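Participant: Just one file: run-v1.txt, with compact mmCIF, C-alpha atoms and all ligand atoms.
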```txt
# COMPACT_ATOMS: atom_id res chain seq x y z
CA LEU F 15 127.05 148.46 75.37
CA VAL F 16 127.15 144.65 75.18
CA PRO F 17 127.38 141.73 77.56
CA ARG F 18 130.94 140.44 78.10
CA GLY F 19 130.16 136.76 77.42
CA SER F 20 130.72 133.75 79.65
CA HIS F 21 134.35 133.43 80.71
CA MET F 22 136.78 131.34 78.65
CA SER F 23 134.16 130.50 76.02
CA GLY F 24 132.30 128.66 78.78
CA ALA F 25 128.71 129.08 77.42
CA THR F 26 127.07 125.85 76.27
CA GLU F 27 126.68 125.68 72.50
CA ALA F 28 123.11 125.88 71.23
CA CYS F 29 121.33 125.87 67.91
CA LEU F 30 118.64 127.66 65.84
CA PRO F 31 117.34 125.03 63.38
CA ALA F 32 115.23 126.64 60.63
CA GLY F 33 113.19 123.60 59.60
CA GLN F 34 109.89 122.15 60.67
CA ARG F 35 109.84 121.56 64.40
CA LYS F 36 108.28 118.30 65.69
CA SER F 37 107.15 117.73 69.27
CA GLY F 38 109.14 115.23 71.29
CA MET F 39 112.27 113.10 71.24
CA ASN F 40 113.43 110.37 68.92
CA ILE F 41 114.15 107.03 70.61
CA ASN F 42 116.47 104.53 68.91
CA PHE F 43 116.77 101.00 70.35
CA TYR F 44 119.89 98.85 70.18
CA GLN F 45 120.81 95.29 71.13
CA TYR F 46 122.16 94.70 74.62
CA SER F 47 122.91 91.23 75.97
CA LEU F 48 120.89 89.77 78.85
CA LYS F 49 122.97 89.71 82.04
CA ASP F 50 125.93 91.56 80.49
CA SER F 51 127.10 93.50 83.54
CA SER F 52 130.21 94.96 81.95
CA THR F 53 129.52 96.54 78.53
CA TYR F 54 127.41 99.34 79.97
CA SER F 55 130.20 100.34 82.38
CA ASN F 56 132.37 101.84 79.63
CA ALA F 57 132.06 105.58 78.83
CA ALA F 58 132.84 105.01 75.16
CA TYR F 59 129.96 102.47 74.99
CA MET F 60 127.45 104.81 76.65
CA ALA F 61 128.53 107.85 74.59
CA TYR F 62 128.53 106.21 71.14
CA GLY F 63 129.56 102.51 71.12
CA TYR F 64 125.97 101.44 71.63
CA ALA F 65 125.34 102.34 67.97
CA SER F 66 127.87 99.70 66.86
CA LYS F 67 125.43 97.01 68.03
CA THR F 68 122.34 96.04 65.98
CA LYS F 69 119.74 98.79 65.76
CA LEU F 70 116.36 97.21 66.65
CA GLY F 71 114.13 100.12 65.56
CA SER F 72 112.87 103.49 66.65
CA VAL F 73 109.95 105.61 67.73
CA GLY F 74 109.59 109.38 67.32
CA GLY F 75 107.69 112.16 68.98
CA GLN F 76 108.13 111.07 72.59
CA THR F 77 107.48 113.57 75.36
CA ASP F 78 107.16 111.29 78.39
CA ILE F 79 110.69 110.12 78.70
CA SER F 80 111.10 108.46 82.08
CA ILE F 81 111.65 104.69 82.28
CA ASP F 82 109.75 102.53 84.78
CA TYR F 83 109.84 98.92 83.54
CA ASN F 84 108.57 96.16 85.82
CA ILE F 85 108.97 92.45 85.03
CA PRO F 86 105.95 90.13 85.02
CA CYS F 87 104.88 88.01 87.95
CA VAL F 88 103.17 84.85 86.60
CA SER F 89 100.79 84.44 89.57
CA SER F 90 97.79 82.40 90.58
CA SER F 91 95.45 85.12 89.24
CA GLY F 92 97.27 85.82 85.92
CA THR F 93 100.36 87.67 84.69
CA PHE F 94 100.86 91.24 85.99
CA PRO F 95 103.82 93.59 86.26
CA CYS F 96 105.48 93.62 89.71
CA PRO F 97 106.79 96.86 91.23
CA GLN F 98 110.31 96.06 92.39
CA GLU F 99 109.64 97.17 95.95
CA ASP F 100 106.76 94.68 96.10
CA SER F 101 108.93 91.72 95.11
CA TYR F 102 109.86 89.45 98.00
CA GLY F 103 111.14 86.00 98.82
CA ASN F 104 112.27 83.74 96.02
CA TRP F 105 109.95 85.14 94.65
CA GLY F 106 106.49 86.56 95.03
CA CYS F 107 104.89 89.96 94.43
CA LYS F 108 102.85 91.60 97.21
CA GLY F 109 99.14 91.05 96.55
CA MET F 110 99.81 88.33 93.99
CA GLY F 111 101.38 85.42 95.90
CA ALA F 112 104.30 83.43 94.58
CA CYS F 113 105.47 84.02 91.02
CA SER F 114 106.36 80.93 88.95
CA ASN F 115 108.58 82.70 86.41
CA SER F 116 112.28 83.51 86.46
CA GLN F 117 113.72 86.94 87.19
CA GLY F 118 116.70 85.99 85.01
CA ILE F 119 115.23 85.57 81.52
CA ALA F 120 114.40 88.12 78.79
CA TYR F 121 110.82 89.45 78.58
CA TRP F 122 109.10 91.06 75.59
CA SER F 123 106.84 94.07 75.99
CA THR F 124 105.80 97.42 74.52
CA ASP F 125 106.38 99.18 77.86
CA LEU F 126 109.29 101.28 76.48
CA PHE F 127 107.58 103.95 74.35
CA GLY F 128 105.23 101.51 72.66
CA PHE F 129 108.07 99.74 70.87
CA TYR F 130 107.97 95.92 71.09
CA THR F 131 111.35 94.75 72.36
CA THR F 132 113.04 93.23 75.44
CA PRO F 133 113.03 95.91 78.15
CA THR F 134 115.04 93.53 80.36
CA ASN F 135 118.03 93.86 78.07
CA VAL F 136 118.32 96.81 75.68
CA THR F 137 120.04 100.15 75.15
CA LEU F 138 118.19 103.18 73.98
CA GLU F 139 119.21 106.59 72.75
CA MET F 140 116.86 109.57 73.19
CA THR F 141 117.67 112.63 71.07
CA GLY F 142 116.08 116.02 70.56
CA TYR F 143 116.45 119.64 71.53
CA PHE F 144 115.56 121.22 74.87
CA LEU F 145 113.92 124.66 74.53
CA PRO F 146 114.34 126.75 77.66
CA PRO F 147 111.40 129.18 78.17
CA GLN F 148 113.43 131.08 80.83
CA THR F 149 117.10 132.19 80.89
CA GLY F 150 118.97 130.72 83.85
CA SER F 151 120.28 127.60 85.49
CA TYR F 152 118.56 124.28 84.74
CA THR F 153 119.30 121.25 86.92
CA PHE F 154 118.70 117.90 85.24
CA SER F 155 118.43 114.80 87.40
CA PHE F 156 117.97 111.07 87.49
CA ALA F 157 116.22 110.06 90.73
CA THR F 158 117.88 106.63 90.41
CA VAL F 159 119.48 104.57 87.61
CA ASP F 160 118.88 100.86 86.87
CA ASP F 161 121.17 99.87 85.18
CA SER F 162 123.33 102.55 83.41
CA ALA F 163 122.59 105.98 81.89
CA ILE F 164 124.04 109.28 80.75
CA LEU F 165 122.48 112.63 79.92
CA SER F 166 124.28 115.17 77.74
CA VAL F 167 123.30 118.75 76.88
CA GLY F 168 124.78 121.03 74.30
CA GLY F 169 126.05 121.33 70.77
CA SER F 170 129.18 119.21 70.32
CA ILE F 171 128.31 117.33 73.55
CA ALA F 172 124.90 115.67 72.93
CA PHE F 173 125.17 115.87 69.10
CA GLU F 174 125.89 118.50 66.42
CA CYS F 175 123.46 121.29 65.62
CA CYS F 176 121.06 120.48 62.78
CA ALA F 177 122.43 116.92 62.79
CA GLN F 178 120.14 115.14 65.27
CA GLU F 179 119.86 112.00 63.12
CA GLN F 180 123.58 111.38 62.55
CA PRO F 181 125.60 108.59 64.13
CA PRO F 182 126.56 109.52 67.68
CA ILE F 183 129.42 111.87 68.35
CA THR F 184 132.25 110.76 70.60
CA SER F 185 132.00 113.29 73.43
CA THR F 186 132.18 111.81 76.92
CA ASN F 187 131.63 115.21 78.58
CA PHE F 188 128.36 114.02 80.12
CA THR F 189 126.06 116.40 81.93
CA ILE F 190 124.92 113.50 84.16
CA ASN F 191 127.29 110.50 84.43
CA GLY F 192 125.02 107.70 85.63
CA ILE F 193 127.31 104.94 84.25
CA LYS F 194 127.17 101.77 86.35
CA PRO F 195 130.47 101.61 88.18
CA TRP F 196 132.65 98.55 87.93
CA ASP F 197 132.61 98.03 91.69
CA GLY F 198 128.86 98.21 92.32
CA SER F 199 126.04 100.79 92.32
CA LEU F 200 125.97 104.61 92.41
CA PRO F 201 124.11 107.09 94.68
CA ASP F 202 120.59 108.33 93.96
CA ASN F 203 119.60 111.80 92.84
CA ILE F 204 122.39 112.29 90.40
CA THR F 205 122.37 115.67 88.79
CA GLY F 206 123.97 118.11 86.38
CA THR F 207 123.40 121.84 85.80
CA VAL F 208 123.40 123.80 82.53
CA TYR F 209 123.05 127.58 82.14
CA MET F 210 120.59 128.15 79.22
CA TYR F 211 119.40 131.20 77.31
CA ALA F 212 115.67 131.38 76.47
CA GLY F 213 114.60 130.55 72.92
CA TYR F 214 117.72 128.68 71.82
CA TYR F 215 117.52 124.96 71.06
CA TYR F 216 119.94 122.86 73.13
CA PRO F 217 120.86 119.39 71.88
CA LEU F 218 119.82 116.75 74.42
CA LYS F 219 120.87 113.10 74.47
CA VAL F 220 119.97 110.41 76.99
CA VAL F 221 121.52 106.93 76.67
CA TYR F 222 120.04 104.25 78.91
CA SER F 223 120.79 100.55 79.34
CA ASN F 224 119.15 97.65 81.15
CA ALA F 225 120.89 94.27 81.49
CA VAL F 226 118.36 92.30 83.52
CA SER F 227 114.92 92.46 85.07
CA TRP F 228 113.74 95.91 86.26
CA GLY F 229 114.61 99.12 84.42
CA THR F 230 114.29 102.55 86.05
CA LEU F 231 115.24 106.08 84.96
CA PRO F 232 113.07 108.86 86.45
CA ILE F 233 114.14 112.03 84.60
CA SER F 234 113.46 115.57 85.90
CA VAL F 235 114.62 119.14 85.41
CA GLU F 236 114.52 122.05 87.85
CA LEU F 237 113.81 125.34 86.03
CA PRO F 238 115.27 128.74 86.88
CA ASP F 239 112.02 129.63 88.72
CA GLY F 240 112.58 126.69 91.06
CA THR F 241 109.78 124.52 89.79
CA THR F 242 110.43 120.92 88.70
CA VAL F 243 109.25 119.18 85.53
CA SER F 244 109.27 115.38 85.91
CA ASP F 245 108.72 112.62 83.35
CA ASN F 246 106.59 114.46 80.82
CA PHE F 247 108.67 117.08 78.99
CA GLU F 248 105.94 118.16 76.57
CA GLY F 249 106.55 121.83 75.65
CA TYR F 250 110.28 121.51 76.34
CA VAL F 251 111.58 118.85 73.91
CA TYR F 252 111.51 118.90 70.13
CA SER F 253 113.04 117.19 67.10
CA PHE F 254 114.19 118.51 63.72
CA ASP F 255 115.10 116.43 60.67
CA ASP F 256 118.78 116.82 59.70
CA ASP F 257 119.79 119.84 57.67
CA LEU F 258 123.53 119.69 57.29
CA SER F 259 123.31 122.54 54.74
CA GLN F 260 122.00 125.16 57.18
CA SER F 261 125.15 127.23 57.59
CA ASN F 262 124.07 129.44 60.50
CA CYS F 263 122.54 126.65 62.65
CA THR F 264 125.23 126.52 65.37
CA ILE F 265 125.29 129.25 68.05
CA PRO F 266 128.66 128.83 69.74
CA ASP F 267 127.92 131.37 72.45
CA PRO F 268 124.26 132.25 72.99
CA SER F 269 124.98 135.14 75.38
CA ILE F 270 126.43 137.27 72.56
CA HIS F 271 124.31 136.11 69.62
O1 LIG F 301 118.04 90.25 99.12
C1 LIG F 301 117.96 89.94 97.75
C2 LIG F 301 118.69 88.63 97.52
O2 LIG F 301 119.94 88.69 98.17
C3 LIG F 301 120.71 87.56 97.82
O3 LIG F 301 120.82 87.47 96.38
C4 LIG F 301 121.68 88.50 95.94
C5 LIG F 301 121.85 88.38 94.43
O4 LIG F 301 122.12 87.05 93.99
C6 LIG F 301 122.55 87.12 92.65
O5 LIG F 301 123.68 87.75 92.07
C7 LIG F 301 121.35 87.54 91.80
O6 LIG F 301 120.29 86.67 92.10
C8 LIG F 301 120.82 88.90 92.22
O7 LIG F 301 119.57 89.22 91.63
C9 LIG F 301 119.72 90.29 90.69
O8 LIG F 301 120.38 89.90 89.49
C10 LIG F 301 119.76 88.86 88.75
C11 LIG F 301 120.68 88.59 87.56
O9 LIG F 301 121.83 87.89 87.97
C12 LIG F 301 118.38 89.31 88.33
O10 LIG F 301 117.75 88.25 87.65
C13 LIG F 301 117.53 89.76 89.52
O11 LIG F 301 116.28 90.27 89.12
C14 LIG F 301 118.29 90.76 90.40
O12 LIG F 301 118.31 91.96 89.66
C15 LIG F 301 118.51 93.16 90.43
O13 LIG F 301 119.85 93.60 90.33
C16 LIG F 301 120.29 93.87 89.00
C17 LIG F 301 121.78 94.18 88.98
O14 LIG F 301 122.00 95.31 89.77
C18 LIG F 301 119.41 94.98 88.37
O15 LIG F 301 119.75 95.13 87.01
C19 LIG F 301 117.93 94.52 88.44
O16 LIG F 301 117.08 95.46 87.82
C20 LIG F 301 117.54 94.22 89.89
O17 LIG F 301 117.61 95.42 90.64
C21 LIG F 301 120.58 88.85 93.72
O18 LIG F 301 120.20 90.10 94.24
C22 LIG F 301 120.10 86.29 98.40
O19 LIG F 301 120.15 86.35 99.81
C23 LIG F 301 118.66 86.13 97.92
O20 LIG F 301 118.02 85.09 98.65
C24 LIG F 301 117.89 87.45 98.05
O21 LIG F 301 116.67 87.36 97.34
CA CA F 302 131.21 120.53 66.83
CA CA F 303 118.00 96.11 85.66
CL CL F 304 101.47 88.21 98.44
NA NA F 305 109.30 100.20 88.88
NA NA F 306 103.36 91.82 82.84
```
Could you render the structure from this file as structure tokens?
Ligand SMILES: OC[C@H]1O[C@H](OC[C@H]2O[C@H](O)[C@@H](O)[C@@H](O[C@H]3O[C@H](CO)[C@@H](O)[C@H](O)[C@@H]3O[C@H]3O[C@H](CO)[C@@H](O)[C@H](O)[C@@H]3O)[C@@H]2O)[C@@H](O)[C@@H](O)[C@@H]1O
Ligand SMILES: [Ca+2]
Ligand SMILES: [Ca+2]
Ligand SMILES: [Cl-]
Ligand code: NA
Ligand code: NA

Facilitator:
Amino acid sequence: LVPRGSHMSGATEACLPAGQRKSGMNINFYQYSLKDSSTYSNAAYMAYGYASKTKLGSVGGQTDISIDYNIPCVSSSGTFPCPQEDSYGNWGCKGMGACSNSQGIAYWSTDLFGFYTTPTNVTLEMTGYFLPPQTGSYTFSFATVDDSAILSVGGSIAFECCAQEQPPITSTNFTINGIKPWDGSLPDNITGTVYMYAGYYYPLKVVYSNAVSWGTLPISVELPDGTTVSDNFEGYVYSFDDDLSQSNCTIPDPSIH
């Protein structure tokens, strides 16, 4: 008469928040030191230790969540962002000539979500809930990572149901571990799969850090129907203000709810 449930309580925890839904993710920004090539290599830091550093500010309602930050080239014709693959020599930017500025200093810009900060050296935390329209397997991916990132899905993994705005939880059970290894870079097209049931809200956390110059995090998901959603997650990601009083908010096992 009923489904048997995923084996060994293996279903990912989801949520049914009852409050006012808002489109998009919240992005919190935290201090990260220029040219610090070690802090971001610790799992504890990328899961929650980032929030022990100074919080710089925040922006809400973000649906286009990929990162593609290019440093300036101060050129003969003005100052323009340089795609990393167009940088050359010591140094110039293709179509611009030689650049007079250093690749090794901090730069200030609104390129990350409109928030004025130093995209060269920062950590950010994206939170919200992913709403699957289809029941099945979802494959999240980072096409590349510069410098360090994680993605976590699920209640008690990304954050607690109905508690999006709380200090980070301590889970290191990342869905995608894109942490910069101690020994030098990771492979591209890093991925993690989650089985999701339609209509339930799945906590989603992305933590991303840049230590110097370029920053890159192209985020995608492959849906059960085999199509891919890249960069702009409008229609899939939502936020809810905390409601720690909502007793029934956590769905430990969506296949038997
Ligand atoms: O062929 C390129 C380069 O090769 C040799 O130089 C190698 C490296 O020398 C140093 O360690 C640094 O200059 C590296 O440059 C990276 O790091 C500095 C910070 O120390 C950045 O200012 C610079 O933009 C560059 O950053 C890249 O790597 C970072 C760490 O992985 C990323 O965070 C960043 O986004 C970017 O990808 C040099 O690469 C020499 O032969 C030299 O002549 C050549 O130009
Ligand atoms: Ca819990
Ligand atoms: Ca970088
Ligand atoms: Cl050129
Ligand atoms: Na880029
Ligand atoms: Na610029």

Participant: Enclose the full set of atoms of range 58-62 of chain F listed in the file within a box whose edges lie along x, y and z, apply 6 Å of padding to each of the six sides, and report centre and edge lengths in Å to one decimal as JSON.

Facilitator:
```
{"center_x": 130.1, "center_y": 105.2, "center_z": 73.9, "size_x": 17.4, "size_y": 17.4, "size_z": 17.5}
```

Participant: Hey, which bits of range 20-106 of chain F sit within 9 Å of range 217-233 of chain F, and for each residue what's the closest pair of atoms and how far apart in Å (one decimal), counting all atoms listed in the file, rows by chain and increasing number, as JSON lines?

Facilitator:
```
{"residue": "F:27", "atom": "CA", "partner": "F:217", "partner_atom": "CA", "distance": 8.6}
{"residue": "F:28", "atom": "CA", "partner": "F:217", "partner_atom": "CA", "distance": 6.9}
{"residue": "F:29", "atom": "CA", "partner": "F:217", "partner_atom": "CA", "distance": 7.6}
{"residue": "F:39", "atom": "CA", "partner": "F:218", "partner_atom": "CA", "distance": 9.0}
{"residue": "F:46", "atom": "CA", "partner": "F:225", "partner_atom": "CA", "distance": 7.0}
{"residue": "F:47", "atom": "CA", "partner": "F:225", "partner_atom": "CA", "distance": 6.6}
{"residue": "F:48", "atom": "CA", "partner": "F:225", "partner_atom": "CA", "distance": 5.2}
{"residue": "F:49", "atom": "CA", "partner": "F:225", "partner_atom": "CA", "distance": 5.0}
{"residue": "F:50", "atom": "CA", "partner": "F:225", "partner_atom": "CA", "distance": 5.8}
{"residue": "F:51", "atom": "CA", "partner": "F:225", "partner_atom": "CA", "distance": 6.6}
{"residue": "F:54", "atom": "CA", "partner": "F:223", "partner_atom": "CA", "distance": 6.8}
{"residue": "F:60", "atom": "CA", "partner": "F:221", "partner_atom": "CA", "distance": 6.3}
{"residue": "F:61", "atom": "CA", "partner": "F:221", "partner_atom": "CA", "distance": 7.4}
{"residue": "F:62", "atom": "CA", "partner": "F:221", "partner_atom": "CA", "distance": 9.0}
{"residue": "F:64", "atom": "CA", "partner": "F:221", "partner_atom": "CA", "distance": 8.7}
{"residue": "F:79", "atom": "CA", "partner": "F:233", "partner_atom": "CA", "distance": 7.1}
{"residue": "F:80", "atom": "CA", "partner": "F:232", "partner_atom": "CA", "distance": 4.8}
{"residue": "F:81", "atom": "CA", "partner": "F:231", "partner_atom": "CA", "distance": 4.7}
{"residue": "F:82", "atom": "CA", "partner": "F:230", "partner_atom": "CA", "distance": 4.7}
{"residue": "F:83", "atom": "CA", "partner": "F:229", "partner_atom": "CA", "distance": 4.9}
{"residue": "F:84", "atom": "CA", "partner": "F:228", "partner_atom": "CA", "distance": 5.2}
{"residue": "F:85", "atom": "CA", "partner": "F:227", "partner_atom": "CA", "distance": 6.0}
{"residue": "F:97", "atom": "CA", "partner": "F:228", "partner_atom": "CA", "distance": 8.6}
{"residue": "F:98", "atom": "CA", "partner": "F:228", "partner_atom": "CA", "distance": 7.0}
```

Participant: Those selected residues, please, written with C-alpha atoms and delivered as an mmCIF file, in the frame of the given file.

Facilitator:
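Final file, out18.cif:
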```cif
data_model
loop_
_atom_site.group_PDB
_atom_site.id
_atom_site.type_symbol
_atom_site.label_atom_id
_atom_site.label_comp_id
_atom_site.auth_asym_id
_atom_site.auth_seq_id
_atom_site.Cartn_x
_atom_site.Cartn_y
_atom_site.Cartn_z
ATOM 1 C CA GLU F 27 126.680 125.680 72.500
ATOM 2 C CA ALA F 28 123.110 125.880 71.230
ATOM 3 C CA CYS F 29 121.330 125.870 67.910
ATOM 4 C CA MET F 39 112.270 113.100 71.240
ATOM 5 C CA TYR F 46 122.160 94.700 74.620
ATOM 6 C CA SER F 47 122.910 91.230 75.970
ATOM 7 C CA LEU F 48 120.890 89.770 78.850
ATOM 8 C CA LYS F 49 122.970 89.710 82.040
ATOM 9 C CA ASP F 50 125.930 91.560 80.490
ATOM 10 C CA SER F 51 127.100 93.500 83.540
ATOM 11 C CA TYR F 54 127.410 99.340 79.970
ATOM 12 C CA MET F 60 127.450 104.810 76.650
ATOM 13 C CA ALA F 61 128.530 107.850 74.590
ATOM 14 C CA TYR F 62 128.530 106.210 71.140
ATOM 15 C CA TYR F 64 125.970 101.440 71.630
ATOM 16 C CA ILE F 79 110.690 110.120 78.700
ATOM 17 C CA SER F 80 111.100 108.460 82.080
ATOM 18 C CA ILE F 81 111.650 104.690 82.280
ATOM 19 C CA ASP F 82 109.750 102.530 84.780
ATOM 20 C CA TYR F 83 109.840 98.920 83.540
ATOM 21 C CA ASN F 84 108.570 96.160 85.820
ATOM 22 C CA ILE F 85 108.970 92.450 85.030
ATOM 23 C CA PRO F 97 106.790 96.860 91.230
ATOM 24 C CA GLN F 98 110.310 96.060 92.390
#
```

Participant: Show me which residues are within 10 Å of ligand CA 302 (chain F) counting only C-alpha atoms and all ligand atoms, and format the list as a list in words.

Facilitator: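 Using only C-alpha atoms and all ligand atoms, everything at most 10 Å from ligand CA 302 (chain F) comes to residues 27, 168, 169, 170, 171, 173, 174, 175, 183, 185, 264 and 266 of chain F.
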
Participant: Just checking: using only C-alpha atoms, which residue out of F:113, F:261, F:20, F:235 ends up closest to residue 204 in chain F?

Facilitator: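 When distances to residue 204 in chain F are compared using only C-alpha atoms, the smallest one comes from F:235.
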
Participant: Mind pulling up the distance from CA of residue 149 in chain F to CA of residue 32 in chain F?

Facilitator: 21.1 Å

Participant: Excluding residue 210 in chain F and residues on its chain fewer than 3 positions from it, collect all residues at most 7 Å away from it, counting all atoms listed in the file, and give them as JSON, numbers by chain.

Facilitator: {"F": [146, 149, 150, 151]}

Participant: Residues at most 9 Å from residue 121 in chain F, counting all atoms listed in the file, excluding those fewer than 3 positions away in the same chain, as a list in words?

Facilitator: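 Once the nearby chain positions are removed, what remains is residues 85, 86, 131, 132, 133, 134, 135 and 227 of chain F.
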
Participant: Taking 6 positions as the minimum chain separation for residues in the same chain, which residues sit within 12 Å of residue 180 in chain F when counting only C-alpha atoms? Answer as a ChimeraX atom specification.

Facilitator: /F:42,62,65,141-142,172-174,254-258

Participant: With all atoms listed in the file as the counted atoms, please give the residues lying no more than 10 Å from residue 250 in chain F, apart from itself and same-chain residues fewer than 6 positions off, as a PDB file with C-alpha atoms, in the coordinates of the input.

Facilitator:
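Printed below is around_17.pdb as written:
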```
ATOM      1  CA  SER F  37     107.150 117.730  69.270  1.00  0.00           C
ATOM      2  CA  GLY F  38     109.140 115.230  71.290  1.00  0.00           C
ATOM      3  CA  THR F  77     107.480 113.570  75.360  1.00  0.00           C
ATOM      4  CA  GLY F 142     116.080 116.020  70.560  1.00  0.00           C
ATOM      5  CA  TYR F 143     116.450 119.640  71.530  1.00  0.00           C
ATOM      6  CA  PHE F 144     115.560 121.220  74.870  1.00  0.00           C
ATOM      7  CA  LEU F 145     113.920 124.660  74.530  1.00  0.00           C
ATOM      8  CA  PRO F 146     114.340 126.750  77.660  1.00  0.00           C
ATOM      9  CA  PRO F 147     111.400 129.180  78.170  1.00  0.00           C
ATOM     10  CA  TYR F 215     117.520 124.960  71.060  1.00  0.00           C
ATOM     11  CA  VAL F 243     109.250 119.180  85.530  1.00  0.00           C
TER      12      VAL F 243
END
```

Participant: How would range 208-244 of chain F look written as a PDB file, in the first residue's frame with C-alpha atoms?

Facilitator:
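Listed below is the output, decode_34.pdb:
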```
ATOM      1  CA  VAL F 208      21.051  14.324  -4.919  1.00  0.00           C
ATOM      2  CA  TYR F 209      17.785  12.384  -5.288  1.00  0.00           C
ATOM      3  CA  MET F 210      14.939  14.930  -4.799  1.00  0.00           C
ATOM      4  CA  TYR F 211      11.168  14.671  -4.500  1.00  0.00           C
ATOM      5  CA  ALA F 212       9.090  17.300  -6.351  1.00  0.00           C
ATOM      6  CA  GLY F 213       7.593  20.139  -4.317  1.00  0.00           C
ATOM      7  CA  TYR F 214       9.792  19.839  -1.235  1.00  0.00           C
ATOM      8  CA  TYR F 215      12.225  22.632  -0.367  1.00  0.00           C
ATOM      9  CA  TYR F 216      15.840  21.443  -0.085  1.00  0.00           C
ATOM     10  CA  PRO F 217      18.299  23.606   1.848  1.00  0.00           C
ATOM     11  CA  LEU F 218      21.149  24.725  -0.424  1.00  0.00           C
ATOM     12  CA  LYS F 219      24.431  26.307   0.645  1.00  0.00           C
ATOM     13  CA  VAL F 220      27.356  27.378  -1.520  1.00  0.00           C
ATOM     14  CA  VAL F 221      30.527  28.717   0.136  1.00  0.00           C
ATOM     15  CA  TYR F 222      33.080  30.285  -2.199  1.00  0.00           C
ATOM     16  CA  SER F 223      36.463  31.915  -1.606  1.00  0.00           C
ATOM     17  CA  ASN F 224      38.907  33.912  -3.700  1.00  0.00           C
ATOM     18  CA  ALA F 225      42.404  34.758  -2.425  1.00  0.00           C
ATOM     19  CA  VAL F 226      43.869  36.646  -5.370  1.00  0.00           C
ATOM     20  CA  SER F 227      43.079  38.004  -8.811  1.00  0.00           C
ATOM     21  CA  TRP F 228      40.483  36.052 -10.867  1.00  0.00           C
ATOM     22  CA  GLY F 229      37.474  34.358  -9.293  1.00  0.00           C
ATOM     23  CA  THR F 230      35.472  31.673 -11.101  1.00  0.00           C
ATOM     24  CA  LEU F 231      32.605  29.379 -10.069  1.00  0.00           C
ATOM     25  CA  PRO F 232      30.272  28.333 -12.931  1.00  0.00           C
ATOM     26  CA  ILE F 233      27.365  26.548 -11.206  1.00  0.00           C
ATOM     27  CA  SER F 234      24.974  24.169 -13.022  1.00  0.00           C
ATOM     28  CA  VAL F 235      22.444  21.437 -12.304  1.00  0.00           C
ATOM     29  CA  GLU F 236      21.323  18.570 -14.522  1.00  0.00           C
ATOM     30  CA  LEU F 237      17.603  17.812 -14.009  1.00  0.00           C
ATOM     31  CA  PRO F 238      15.981  14.386 -14.070  1.00  0.00           C
ATOM     32  CA  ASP F 239      14.834  15.031 -17.673  1.00  0.00           C
ATOM     33  CA  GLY F 240      18.476  15.421 -18.715  1.00  0.00           C
ATOM     34  CA  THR F 241      18.397  19.129 -19.361  1.00  0.00           C
ATOM     35  CA  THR F 242      20.929  21.461 -17.713  1.00  0.00           C
ATOM     36  CA  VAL F 243      20.269  24.755 -15.929  1.00  0.00           C
ATOM     37  CA  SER F 244      23.400  26.931 -15.771  1.00  0.00           C
TER      38      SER F 244
END
```
